[PDB]
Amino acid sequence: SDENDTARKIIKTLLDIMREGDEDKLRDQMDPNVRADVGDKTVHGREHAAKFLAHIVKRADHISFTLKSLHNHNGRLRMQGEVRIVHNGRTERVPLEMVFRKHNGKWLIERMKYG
């Protein structure tokens, strides 16, 4: 129950959900109007974004996220970092920015920008 533990906890919960690959759990983490930018592609809405993200994560033999910057205040959290993906022995590092909004004591992803 450490307020300064917010970021680490959100990252691990999210990573474990994605590693599990359960689409419904991923949806539960998203704002209804979440926006996800993976590269040039843009996905709108919880149902579309969860499906799309859950599928692509399946190619990742390993996925991690190293936090580089964080701004957290008044139930609004922004974090910027590097995703490390491993696929068939090849490692790739890609910038990721995510914005979270706390509702009813629960953090929901409002925006995600990968690449």
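Numbering starts at 1 and follows the sequence shown.
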Take the C-alpha B-factors listed in the entry for 26 to 34 and for 58 to 66, compute each mean, and give the stretch with the larger one. 58 to 66
Per the PDB record, is the mean Cα temperature factor higher over 68 to 76 or over 49 to 57? 49 to 57
Record-listed C-alpha B factor of residue 5: chain third: middle
Compared with the other modelled residues in the chain, in which third is the CA B-factor of residue 19? highest
For residue 83, does the deposited CA B-factor place it in the lowest, middle or highest third of the chain? lowest
